[PDB]
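>
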Amino acid sequence: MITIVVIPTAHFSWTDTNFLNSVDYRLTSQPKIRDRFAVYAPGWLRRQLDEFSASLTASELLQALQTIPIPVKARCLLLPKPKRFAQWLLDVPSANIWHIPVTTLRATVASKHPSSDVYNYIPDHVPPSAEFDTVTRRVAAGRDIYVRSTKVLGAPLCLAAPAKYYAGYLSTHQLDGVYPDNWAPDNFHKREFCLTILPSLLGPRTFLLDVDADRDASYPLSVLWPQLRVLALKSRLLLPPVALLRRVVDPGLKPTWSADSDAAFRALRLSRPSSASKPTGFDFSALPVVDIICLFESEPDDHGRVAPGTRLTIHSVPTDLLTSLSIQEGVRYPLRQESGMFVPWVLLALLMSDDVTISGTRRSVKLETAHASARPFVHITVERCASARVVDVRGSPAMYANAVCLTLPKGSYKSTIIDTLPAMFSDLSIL
Amino acid sequence: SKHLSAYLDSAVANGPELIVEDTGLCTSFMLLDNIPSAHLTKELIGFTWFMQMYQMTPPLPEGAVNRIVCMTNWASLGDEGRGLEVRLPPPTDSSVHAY
Amino acid sequence: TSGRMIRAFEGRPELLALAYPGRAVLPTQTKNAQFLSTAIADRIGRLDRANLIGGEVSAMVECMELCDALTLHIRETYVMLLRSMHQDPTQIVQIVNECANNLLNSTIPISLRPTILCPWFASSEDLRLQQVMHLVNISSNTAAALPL
Amino acid sequence: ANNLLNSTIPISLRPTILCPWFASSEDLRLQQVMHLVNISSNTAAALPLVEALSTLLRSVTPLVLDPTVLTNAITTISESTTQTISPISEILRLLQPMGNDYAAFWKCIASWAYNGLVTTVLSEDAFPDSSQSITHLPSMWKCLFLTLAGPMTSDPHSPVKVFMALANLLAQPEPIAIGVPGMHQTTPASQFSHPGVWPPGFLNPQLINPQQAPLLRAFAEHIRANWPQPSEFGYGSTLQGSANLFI
Amino acid sequence: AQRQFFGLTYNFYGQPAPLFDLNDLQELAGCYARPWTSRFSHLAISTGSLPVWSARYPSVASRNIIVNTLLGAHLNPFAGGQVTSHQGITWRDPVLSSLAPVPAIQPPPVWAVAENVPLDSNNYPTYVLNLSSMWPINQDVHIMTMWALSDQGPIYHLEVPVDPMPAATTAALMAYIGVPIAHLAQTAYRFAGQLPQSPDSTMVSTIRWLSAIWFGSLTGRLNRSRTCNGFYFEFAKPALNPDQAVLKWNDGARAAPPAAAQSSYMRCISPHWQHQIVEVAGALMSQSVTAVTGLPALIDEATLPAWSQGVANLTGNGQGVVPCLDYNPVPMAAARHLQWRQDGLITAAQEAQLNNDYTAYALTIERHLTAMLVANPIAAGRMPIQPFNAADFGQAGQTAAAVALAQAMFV
Amino acid sequence: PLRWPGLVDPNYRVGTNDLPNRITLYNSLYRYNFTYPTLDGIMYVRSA
Amino acid sequence: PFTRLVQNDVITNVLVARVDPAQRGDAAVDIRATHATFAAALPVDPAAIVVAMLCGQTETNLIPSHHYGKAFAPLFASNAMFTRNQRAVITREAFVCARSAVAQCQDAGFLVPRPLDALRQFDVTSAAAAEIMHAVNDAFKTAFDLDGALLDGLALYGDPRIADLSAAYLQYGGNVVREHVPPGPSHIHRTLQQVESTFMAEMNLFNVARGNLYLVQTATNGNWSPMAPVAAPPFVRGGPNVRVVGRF
Amino acid sequence: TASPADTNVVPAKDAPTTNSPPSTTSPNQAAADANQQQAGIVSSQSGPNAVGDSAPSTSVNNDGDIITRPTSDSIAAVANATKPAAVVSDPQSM
């Protein structure tokens, strides 16, 4: 079971049916592929991270989390206040598993100021005068832990006793928040690979997934990305997403032993044959997009030979745009129109993309589309999909159904997208 | 020029990309097919023999005129590489842009 | 040929055709054939292999194939550079212990470590040079000192 | 059966009778090595042998394990108050009953019969922190347990490791010199292992001044004087192959 | 550390001036950079990857030889206590950080040329006062001296203690298993070069053992059959390129320690060393140890060129003198092959074949070098390769004594 | 043939070239199998 | 052997040698050498051990004879004692045959009779040897209907071109103790040698023919026995005016 | 009582390398870790013993190379890369 630690990217879709899809939807194309992966990444842990995010430095947080085993078998068992808690050991005498004296119990019931004595000497009791790491250290032991506060990190937090003692000691929403943990556990399975949002010690059997995009700024653990990346970099532990599709893992592109020429690699073949009669007849907030590498070439020489050309990377073009236009890999389409302008579909790809860079380096370029450049490009070929993932769209750039205004410099191609695109369909009401 | 950049503590915390390994052929020059050989079918039959006729990829260019040119990492394999390369077209083209 | 062992690129057959010109088939005496026919029989494939442990990767292997000298000289130099900043674990663990004023004393196991490489070090001159360079890329007012 | 059992088995002797149940010692020795080839270094496939042997041992032994008497002796001398957070807390934490059937104990005994294929070692977490002082009482009790359990393990380096544990806790009050380059009195005890790093003072206790490091000198002499002497005994039957390689 | 060293400049082979070109200086030590650790910057794993076959520096040893000659013109402070200039070039500072053309306002005095100049650290007090920064000079000066003292191969020292290897060295060597000799030599040079170290350091003992093991395997006494604590070197096939060796560790029977501590000085007696990487690497590696620990004892003058007779602090003929042995690779190879047959590693038929191959291989080296010398006559003013005579390739030297030493060194 | 002595020259010795004056295309070389362990892979770090 | 406190007698490694190192082609040492301890490590908790030490009790009427006799009887109802012998014997036969087969394929190696040496066979590298051993190992397992490992390890890792197994352990004093396990008298291998020897004389019965092949255009009208021509061969390799085609 | 499962314990088939995960980076170390984790030992209890060890893996060839498919297929791949046409069509054939 090789583990891949995952840090979500800028607009990682979270409410997706499967976290797996937002990573790279190609992994879901084949049953033979999707059966090789486990996910973990439980919600309770997600909520804990959301809270503690404002109270720990990146180094501390990484140092604390890195030791936790994959399936968290432990629980945090909150204790009620001593006056409330003491009654439990007499409501069920056998529940007094520490066998605290009956006299002390009813002395607590009598006292105006019930002391911590009922907590005192209980093994693995965590007082409020404790720190985050204290919990995490015990988490590695797998056994459940008894705590005196809700702000804890590393294990699902559930009530030790029935709700009657905690009621009054806590309030409705607080009493509500622990319900999934009260019956927390679920099994974890031994497939070939298991993705995880939980960090871990990078090593021979643990890898860091590299997607070549900015992190989710809102995701609380994005601050760990630099330290993790550099440690992986210095030991050659990064994995490009394409590597996951191969039968055996290796960090690299164009390996000797594999031609990487298979329907699984071709992200353009998006297919949806299965169904479940689910309410999402479609979830129009989830959008699959791709990052593609395209080769551009100019006219051949006087003897039919052609220059080496240049290849650029286009970022996050929506895939359905290409599929609906019957675009296919490994086909050298003509780039220029009769009047020398770009063919419309290329312009759409550029317009809906996020950024264009040189393929190798990370330098962004603004492409010219006129008669300026000498030896201008006339042919284009898409070579491979560097990444192919679904992304959440709901309310991201704009917020109100009323209206929205987009500012662009003069000379933009807004006319193309507002006229040609709906005209290319002209059958369904767009605008 | 004039890109005055301030020293940043976190910026230098990346480390250079030292480990780059190639499994392809350790070469940087390519043999080319600058002028293709003609396909004779009526007269002068037999003066030319293309390995394609036997369904074989020739180990050497079999054009009428063949050249040696500099194309770095043309046979590279295994991972992306440094990201800057030198590629010269055959001398039948200008190739000025490289300079 | 049965007499040699070669690299099976195994997915790039067209590349294999180029890598070993000696394996050509020569139906007719063309100018290419006139040259290739002179190739020595065994100047191909793996020459020698450094094999240390059974069921373990050979640390390094020597072979001959299509490879220009100039690129070869460069890459060999590059490896030489990497070795220049590698050190064995005994040095590494000692460095860490000394860095902590001999607190947190630790040590390494004693067993074979065949193919490790840890290019993590540099001379003082490098450090001195970098320190000076760092001092050049700042505004010499308080803005430089305060973060430190 | 070591003549714990006496048996009789009648059989008729026909001219044409076949009972293919014999093998020479060479066959057994060859078979034994072949296991080493098949096991290789995979610890996972070696463990079951010790597991099975221990299981048989428990199913056979007349010995009975019961801490009830020990509990009574402890509880009366201790105050047993859910107080005394001093190691009464600690030893109680280890005294309280375990549902593991003391499997660790049996594993050690089983490993003896298979040493050279698998060795029991003191668990890494059992050692005290080498930076900790002897005054930290739980650390002291840990060293007590380690010293007691030492001889049970099959690890040949257990004597040194046991010695170093105490030496670590006595680093400040007993600053002895360890004649091993690359090591220090503060080095974690569990790290020592390989014979080449056995401290010379441990090899020869006379290198430790009594007036300067009394406890350490006494401890070394105690170890060198009381650590048990190994022995041997026969088994099996002379009518069969031996399968032994070294012994 | 070690607060003192002694040295000796090169000898002019009848020529009137130090034998190096300005271009050589500008090439090999220019750019205002520090020249004090460059000896390996132009070496690699094998000759196949290096431009040693033609043009300037057409030999493996050529660059280092030129370096030694270059230093001989600028080490005056350790001879006369003053920095000087030669052909308009001098040090930039009293710390001798780097070289530069002389200033126009206050030039330093011009160096009066001489050869085989004895050198003392004490003549230049500022060195000790800045020992922490001027440490690298110690190594290079020592190396230059160790080469200048001998015609043909440079001199280096061997020793083996009566004790077993310490664990630290054992662990260190277990990490260098598959490494070729050339890379190992770099680390040793890199180690002792850049900062002061005490002789009672683990690396020092480690490298000391390596030189011993290398020689023992070179003589063929250490093999797959018989090893030092499990370690031994493996040499490449003479049929392809024997000028290569790597470290190995093995099950073989471990050799017993010698009855008493053994030590001696060594050098190659034949010109083959100039174009043979294992010799150069082995010498540099071994010389590194003596650089940090100093010379254990005076070298015997009995078998050294005329200028080496009775050099102060370096050579002697008295009681406290360690003999120096020498060998020729070809007879050495024959001895190594013979030991292999006696150990049973090979058959007699193979041993005959190996001798034929190695002799053929060595012949090419001789043929290449002898043609290279006439291409670069020493009268041209620069010495890319040390001069020699044709008969020098045939000397057997003290090879028989050498293998006898290994016999006594690894019992 | 001068571009290919390693391929066709009977007298070609392994480990030779004429680099400063001419580039050959077919030569012998080494290939490596290094591994890049992390710190804990090198030494037992003081966990927790 | 346990060593107590004698430092010079402490064991550092336990290794299995497929070939005596003097004969080994390359180092190819046991993978076990990469481990910190000479054997697999099983961590145990001292506290549990201590408890068991401190509280050991007995029943009130423990008669050692009665307890042990009752306890040991069920064990001897097993047959493991014999299956052990039977499997060991089969292992020997498979080992000898497998080693012999690989030896006959490589051009030189462990000394075995070579009746089939006249047949053409490229010299097998280690990878090829693994294929051959795998075939042999599978054949025996199918034949004798066994389950378990048998010869699995030899093919799966290390060099399959084995010669004679032996085990050894090394002491810190530098002394090494080695034990060879040469196989005893085998039976199957002996008759297999006979089979190969007779095949080399009866290959025609297996639809395999020896000798060269002529291709003369004969347009006769009488008898024809190509498998046994009576006429003199038209020519031979050394014959006058006979050319030999080039390598390509 | 006399349970055979506790008496007939022998190494399973493919024992020496069964747990090896499919990878190319450091197969021997990875396989060693898999064995350790498979056996139920946790790293926090093995301590320093876990750092340097290595174990045989399927990804490693007997010759000592990194393999991604069974060696026969590698042989098949190179063989298939060279198969000249048996019968060709040229005008001058007699």
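Residue numbers (the UniProt record's numbering), protein chains in the order written: chain A, 1 to 431; chain B, 176 to 274; chain C, 325 to 472; chain D, 424 to 670; chain E, 2 to 412; chain F, 1166 to 1213; chain G, 770 to 1017; chain H, 13 to 106.
C-beta: ideal position from N, C-alpha, C; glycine also.
Three-state secondary structure (DSSP) at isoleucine 300 of chain E?
strand
> Taking only beta-carbon atoms, is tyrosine 1209 of chain F less than 8 Å away from chain D?
yes
> Using a C-beta cutoff of 8 Å, does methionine 606 of chain D count as contacting chain C?
yes
> With distances taken between CB atoms, is the gap from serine 264 of chain E to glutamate 160 of chain E smaller than 8 Å?
yes
> In or out: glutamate 334 of chain C buried (at least 16 other Cβ within 10 Å) or exposed?
Looking at its Cβ environment, which holds 16 or more other Cβ atoms inside 10 Å, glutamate 334 of chain C is buried.
> Check whether the Cβ atoms of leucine 196 of chain E and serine 448 of chain C sit closer than 8 Å, and answer yes or no.
yes
> What residues from chain F crowd round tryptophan 54 of chain E, counting only those whose CB sits closer than 8 Å?
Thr1181, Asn1182, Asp1183 and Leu1184
> Can you check DSSP and say which residues form a bridge with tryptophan 250 of chain E?
E:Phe232
> With 9 Å as the C-beta to C-beta threshold (strictly closer), list the residues of the region 183–217 of chain A near chain F in chain order.
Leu201, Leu202, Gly203 and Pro204
> I'd like the ranges of any beta strand (DSSP E) spanning at least 3 consecutive residues and lying wholly in the region 501–553 of chain D.
541–545
> In chain order, what residues of the same chain lie with their CB nearer than 6 Å to the CB of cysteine 442 of chain C, ignoring the 5 residues before and after it?
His410
> For a quick check, are the C-beta atoms of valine 142 of chain E and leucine 76 of chain E less than 8 Å apart?
yes
> For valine 946 of chain G, which residues in the same chain have their Cβ closer than 7 Å to its Cβ, ignoring the five residues on either side in sequence?
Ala937 and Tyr938
> Could you please give me the residues that DSSP links to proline 119 of chain E through a beta bridge?
E:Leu9
> In the DSSP assignment, find the alpha helix (DSSP H) that holds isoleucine 66 of chain E and state where it starts and stops.
63–73
> Looking at the C-beta of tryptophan 148 of chain E, does it have a partner C-beta in chain C at a distance below 8 Å?
With a threshold of 8 Å between beta carbons, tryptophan 148 of chain E makes no contact with chain C.
> When the distance is taken between beta carbons, is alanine 386 of chain A closer than 8 Å to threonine 310 of chain A?
no
> Contact criterion: CB-CB distance below 8 Å. Does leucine 340 of chain C meet it with respect to chain H?
Chain H has a Cβ within less than 8 Å of the Cβ of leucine 340 of chain C.
> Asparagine 782 of chain G by DSSP, collapsed to three states: which one?
strand
> Beta strand (DSSP E) containing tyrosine 1191 of chain F: first to last residue?
1191–1197
> By the DSSP assignment, the beta strand (DSSP E) with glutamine 263 of chain E in it spans what residues?
Segment 263–269, the beta strand (DSSP E) holding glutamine 263 of chain E.
> So what does DSSP say about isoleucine 90 of chain E, is it helix, strand or coil?
strand
> Leaving out five residues on either side along the sequence, give the residues of the same chain with a beta carbon under 6 Å from the beta carbon of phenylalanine 342 of chain A.
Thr369
> Could you check whether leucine 77 of chain A and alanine 160 of chain A sit closer than 8 Å to each other, using their CB atoms as the reference points?
yes
> Within a Cβ cutoff of 6 Å, which residues of the same chain sit near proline 233 of chain B, ignoring the five residues on either side of it in sequence?
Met226
> Per DSSP, what are the beta-bridge partners of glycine 369 of chain C in this structure?
C:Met388
> Strictly below 7 Å CB to CB, what residues from chain F border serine 382 of chain C?
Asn1198
> Does the CB of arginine 452 of chain D have a neighbour CB from chain A at under 8 Å?
no
> Going by C-alpha to C-alpha distance, which of D:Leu662, D:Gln635, D:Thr576 and D:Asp489 sits closest to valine 813 of chain G?
Relative to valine 813 of chain G, the option among D:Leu662, D:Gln635, D:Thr576 and D:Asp489 whose CA is nearest is D:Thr576.
> Please state the DSSP three-state secondary structure of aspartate 327 of chain E.
The answer is strand: DSSP assigns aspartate 327 of chain E an E or B state.
> In whole angstroms, what is the alpha-carbon distance linking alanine 264 of chain A and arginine 246 of chain A?
9 Å
> Any beta carbon from chain E within less than 8 Å of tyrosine 1177 of chain F's own beta carbon?
Not an interface residue.
> For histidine 371 of chain A, does the three-state DSSP call read helix, strand or coil?
coil
> What residue does the beta strand (DSSP E) around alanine 936 of chain G start on, and which one ends it?
935–940
> Answer with buried or exposed for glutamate 297 of chain A, where buried requires no fewer than 16 other C-beta atoms within 10 angstroms of its C-beta.
buried
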